[PDB]
Amino acid sequence: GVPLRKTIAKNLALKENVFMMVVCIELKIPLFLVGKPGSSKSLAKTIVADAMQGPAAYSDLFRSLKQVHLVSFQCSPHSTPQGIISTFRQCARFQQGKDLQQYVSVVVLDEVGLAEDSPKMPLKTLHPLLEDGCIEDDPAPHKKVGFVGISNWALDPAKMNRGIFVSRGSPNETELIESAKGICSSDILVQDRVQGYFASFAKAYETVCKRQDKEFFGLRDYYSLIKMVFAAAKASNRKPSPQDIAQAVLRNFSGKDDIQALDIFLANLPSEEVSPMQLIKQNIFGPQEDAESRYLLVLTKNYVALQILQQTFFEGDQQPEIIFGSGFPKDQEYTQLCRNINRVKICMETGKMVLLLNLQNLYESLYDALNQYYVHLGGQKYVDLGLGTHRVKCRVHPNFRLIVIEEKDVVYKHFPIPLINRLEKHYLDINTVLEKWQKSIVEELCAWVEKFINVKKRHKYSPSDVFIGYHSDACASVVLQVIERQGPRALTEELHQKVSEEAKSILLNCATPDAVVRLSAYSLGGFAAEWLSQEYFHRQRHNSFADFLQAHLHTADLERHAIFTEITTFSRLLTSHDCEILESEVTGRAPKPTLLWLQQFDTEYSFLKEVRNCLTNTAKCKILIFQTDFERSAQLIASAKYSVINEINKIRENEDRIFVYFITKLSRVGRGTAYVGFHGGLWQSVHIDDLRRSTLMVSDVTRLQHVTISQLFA
Amino acid sequence: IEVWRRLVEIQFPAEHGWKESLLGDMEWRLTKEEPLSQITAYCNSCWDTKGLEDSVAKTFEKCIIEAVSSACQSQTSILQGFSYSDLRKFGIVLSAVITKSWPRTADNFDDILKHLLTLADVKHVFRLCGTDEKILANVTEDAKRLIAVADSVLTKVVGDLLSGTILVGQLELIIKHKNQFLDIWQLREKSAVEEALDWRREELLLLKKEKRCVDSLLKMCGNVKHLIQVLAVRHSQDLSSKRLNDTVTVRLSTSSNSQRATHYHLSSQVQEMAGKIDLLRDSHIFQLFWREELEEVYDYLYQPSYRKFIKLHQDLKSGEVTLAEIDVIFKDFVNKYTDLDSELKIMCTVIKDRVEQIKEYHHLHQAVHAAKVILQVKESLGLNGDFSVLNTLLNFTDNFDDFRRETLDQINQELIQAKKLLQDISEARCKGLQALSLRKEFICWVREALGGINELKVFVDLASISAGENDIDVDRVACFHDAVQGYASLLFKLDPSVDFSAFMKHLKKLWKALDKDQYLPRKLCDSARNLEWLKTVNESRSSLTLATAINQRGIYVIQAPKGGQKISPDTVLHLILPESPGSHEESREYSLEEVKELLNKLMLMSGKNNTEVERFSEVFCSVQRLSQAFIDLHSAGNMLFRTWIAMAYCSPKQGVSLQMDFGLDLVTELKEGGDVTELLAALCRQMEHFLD
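Sequence order for the protein chains is A and B.
Letter by letter, the first sequence follows residues 2735 to 3004, 3009 to 3025, 3034 to 3202, 3208 to 3382, 3386 to 3468 of PDB author numbering.
Letter by letter, the second sequence follows residues 936 to 1126, 1135 to 1172, 1177 to 1239, 1270 to 1327, 1336 to 1525, 1531 to 1598, 1602 to 1685 of PDB author numbering.
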């Protein structure tokens, strides 16, 4: 009677849970459900809610049953009894002035076990509430409400008001095979074609669950593998190939190091190769049909995955929207959660991909949105989003994908297991994208750098003192940017040489003139030192920001309408006078370059308003300059970068070119944290010692190399 | 080179770094060039007639060796079409090649074999060595030792092959690289195997075929494992490192044709059974027949199912198959004409549109369904024209049990025409008409209330007022709107006495209405679900309207808590919403909790240009910041703000945007206009500086 997606496992667990939920809601029996993630608890919740809508039910069975209104409340270790009390009071109010024989309100407590031994002891209030709905106030009929407590963690029966408690255990091989068949029940031909691998998959899943230390993998991964194989065989109209099984396995059983998931799964079989890049592409741009895949949980180190994604997958106007924790001084509150959820919902409605980078706090609000348990209305699917007590169904566009970027350690340590199991995991670092020759190039570059720094040389410098913003993954990001810019061209000796040289140049572009002069000197001249000096003082532009801007405007990618440059300097930041000089210099090409100071904005909305006022203009070439004085400034800089990118994406309407220059002032010595650059992706990193025009010394340096202090006065 | 030699040989004290720096510069000038060009120069350009002892030549050779190492780690062969004028330099290059290209674990027969069978440089060096013997003198003793172990590997592989004692892995790789292996063998020998390789290939193919037949046998029984529970040990054995003559009886020059008893020693009966189950493992029909322990699976399970299958095949080729187990079998091939044609083609081991009968038969069944649905719609829309033309097909199931014994073309003649009368009706259209027929009260209510499409918009507008300010509640209108628009032909402008012909000519409109939006039936059904709310719309605020009103007139009041209440944003801050001029409302008062609930609503609402929401959130955040500053000052013991009240007007009221009163005699009432957010930010900065 209730409508269900064909790919849903009509297994014993779901049936039993739905039966029990319906009965205990119609009769108001406290029902507690416990089971590992994927035990069909929340799915049963959504199905039960969408089923017994009352007169609006899909079947005559539920048209003769009480109408249900859920009031969900995610229990956490930080919960308080007041949360449960307010939830029960809200449910009662919903029941106030209604025919309790044709309407019932249900308090749904998710993750009850999280609050079992909480010091605040919130569950101590369930016993009275479950009894009469009133702690101390007088009882009443509309206060007695239904209760469903879903948990993936163990519970104490003494806190259940001696209600019904259903603890489901880890299913067995035959249960897994039966579920796999229920998933493939849509087509019997494909079901028969794939039925051979069910036992092998179940055995491999049990082996993985045993081997793994923490419950990283779960039932949802097995089910997603079965669905992938089923859809592959259905689209192929033929027995699944080894490469299909491999793709599915590595799409659903990847993300951990200990578990290989391939040698375990095959174990009787050969396919050839598939990289996490292809897997992420399949998740985002997978080949009417409910062939929907879970959301991604890209793990990485130092957030390189963000730049890899920005440069590799989406490079046109299809860019996603980045949700991030505002690093501004005053925008650190729950209003940030509200804004981020609004943006998530707007993207869901519109079909824009989403990138969560630091939002693990937005999981009490997206919990049900990641389960992918949809309810439909007219061919459109709706999933529950939430803010505090508020929880409502938001539409989901088919083209909507979500990508979570986080650090491997943060995930393995603080991420809740169900959140992991709700997502498709994959590890993405530079090494996972680079081939062998490129890694050798990285090593050659590290060596060439250590030479550059010190030749033969009385002082000992560090690469961060010569290459501003240098860090561990600098040359790696350089080579990645290089190969991504080149295209898909294959290996070649000439290509190796070209990559090495282009990386050398890109690194030098963030070097100091002192360094190249030192190299020319301590090398007593030399072909290499002089070639680099030429590249630095003649081919490139570091004498001032105006010359760099001229070169960029004259040699900017025509196709790309947004160029992002991260500049670093030691001199004083620009001012109205420098902006006026630039305007007088860029006349006819671009209007007055807008200049902004991140330290002047106390909130992200003010920054966004300014960026929009600057972008709302009709100029065909808009130059934006965001100046900061490093001295928690990295968080602000990154937040501003993400905001600028998102805003430029929202106004991706024409071919108007948008140049962006983040200018960070640094100290040649330092006074604290170390500045980190080479963020790669869509970010040309540059170092300009002094941005001014050198009125006093109008000479381009490398001219005082052929002049004495005496000839200056001649 | 003359200049570099002259300069480097100047016998400066070695503790100064003259030769070092000069040679570094020369190496830099060299490395720039493509490594291939470097090697071509080192090998052909005449520059070493004055001995190679000079450090110049040593550095050149070092750079060339690095180049060769890189290009070998590139697996891009170098010696292809390579010309040499010097044999010493070319020998150095060849030795570097043989050494670097060699695997870094070059003691494993397997890696060495794959390396000499895959890489091409090996072929070229073997060919050169076989053609010219002088180049060998120019080869290093290390490369010579490598060549020797390579020739030993080849001799061992050939002894095996011609003898039949080879590992399955080596033989597989050799067959994969048969050409390269043969060529290297001919080249080295110049300083049988073909027929041997062919025989070993046949043996390997036979072994793999037996393995595959066994795998099919196992997978077949693997289907009933949920009902009924050595060969596994053998078939599980990793053949990769097993010996051929052990598994399969290799045909050497020792004996001519002879049956090959493989690792299993299958009884020819099991051999035939396995061949059958293997050529029939891809048969869904056999997969079903397999459904009704140790062996005896032959005639307890396999033979009954197989004889039933052969009888079924004979009937297929005859057309005598009956309809009953036709329905039981081909139920899964509906709309799968390709799967069915292949399941037939596989039966010609010993017609194409003979099975069309089944196909047509399926259509007939579908028609019946459609017919029933049509009847239902005739009752739902209350038609009157005659529709008993399908009652024949209605009594089809009143004749099912008597029809099944009627074989296929023996089915009947009459329906052969009725099928063509409903052949146009697809299953999707059947579902549309089904959604229409299941719902009757909704149809009557629609005919009554609206009466016509022109009355729809008005209704829709009203529905938009009482939708509910959210996604599903708002979409409930677009649904039932697209519905009344698509199902209009059958709801309003249909004559109640239009029989089959006119009825189909009318449904010609619903055809397009559906092909435009394939979700129309879902919309109609979800509307019929919402009949109560639609009637509610007929018989007759929002968070966005409230937010707009707050922006236009709201006044955020920051105060010191009264009644000794604790100091907290809930106690310090509260919003006042004055009634609009003339409106029967009053000056409502909202707490912080209510404001933030309204904010959550605005964030999660339909949102179908977030201008008012943005201003609301901005002003709310500014006021919260101001309240926190006031609280912090209060905690620090500041007595000035004890009686301080601030009223921030979300919109300028009489030119006043912000107002402050310390409740004192000296300090008069302060007030200022302009933008509330900038002013509040300045005030908060000032209050924070004052706190410090």
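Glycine included, every Cβ here is placed at the ideal spot set by N, Cα and C.
Residues that residue i contacts on chain B, provided the C-beta gap is smaller than 9 Å
i	result
A:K3098	By Cβ distance, chain B contributes nothing, its closest Cβ being about 14 Å from A:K3098, past 9 Å.
A:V3050	The contacting residues do not exist; A:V3050 stays about 26 Å from chain B at best.
Where residue i falls, given that 16 or more other Cβ within 10 Å makes a residue buried
i	result
B:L1594	buried
A:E3317	buried
B:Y1277	exposed
B:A1072	exposed
A:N3260	buried
B:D1383	exposed
B:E1391	exposed
B:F947	exposed
A:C3226	buried
A:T3354	buried
Contacts of residue i in chain A (Cβ-Cβ under 7 Å)
i	result
B:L1589	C3084
B:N1166	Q2929
B:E1611	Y3356
Residue i versus residue j - alpha carbon distance
i	j	result
A:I2818	B:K1591	21 Å
B:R1023	B:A1041	26 Å
A:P3014	A:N3200	39 Å
A:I2917	A:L2804	28 Å
A:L2953	B:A1513	37 Å
residue 3008 of chain A	B:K993	There are no atomic positions for residue 3008 of chain A here, as chain A continues from 3004 directly to 3009.
B:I1566	A:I3412	44 Å
A:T3320	A:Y3287	16 Å
B:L1108	A:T2941	32 Å
A:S3223	A:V3250	19 Å
A:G3071	B:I1548	28 Å
Minimum C-alpha distance to residue i - residue among the options
i	options	result
A:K3395	A:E2850, A:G2772, A:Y3221 and A:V3414	A:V3414
A:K3159	A:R2902, A:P2873 and A:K2990	A:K2990
A:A3037	A:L2959, A:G3073, A:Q3057 and A:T3096	A:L2959
A:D2851	A:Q2824, A:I3374, A:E2870 and A:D2890	A:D2890
A:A2783	A:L2738, A:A2892, A:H2812 and A:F2822	A:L2738
B:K1494	B:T1521, B:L1418 and B:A1083	B:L1418
A:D2844	A:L2799, A:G2788, A:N2895 and A:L2765	A:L2765
A:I3442	A:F3296, A:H3433 and A:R3425	A:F3296
A:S2988	A:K3154, A:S3448, A:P2873 and A:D2926	A:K3154
A:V2900	A:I3149, A:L2910, A:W2887 and A:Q2946	A:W2887
Residues that DSSP places opposite residue i in a beta bridge
i	result
B:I1303	Per DSSP, none; premise fails for B:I1303.
A:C3372	A:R3411
A:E3317	A:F3416 and A:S3439
A:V3150	A:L3102
B:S1474	Partner(s): none; B:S1474 has no beta bridge.
Within chain A, partners of residue i - CB distance below 9 Å
i	result
B:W963	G3277, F3278, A3279 and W3282
B:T1315	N2971
B:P970	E3244, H3247 and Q3248
B:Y977	Simply none; closest approach about 15 Å.
Proximal chain A residues relative to residue i, where beta-carbon distance stays under 8 Å
i	result
B:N1192	Here the premise fails: no neighbours, minimum Cβ distance about 25 Å.
Contacts of residue i in chain B (Cβ-Cβ under 7 Å)
i	result
A:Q2835	Going along chain B, no residue has its Cβ under 7 Å from A:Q2835, so there is no contact; the nearest lies around 17 Å.
Amino acids of chain B, ordered along the chain, whose beta-carbon sits closer than 8 Å to that of residue i
i	result
A:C3140	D1456 and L1594
A:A3254	Per Cβ cutoff of 8 Å: no residues; A:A3254 is ~15 Å from chain B at best.
Within-7 Å CB hit, residue i to chain C
i	result
A:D2992	The chain inventory of the structure shown lacks chain C, comprising the protein chains A and B.
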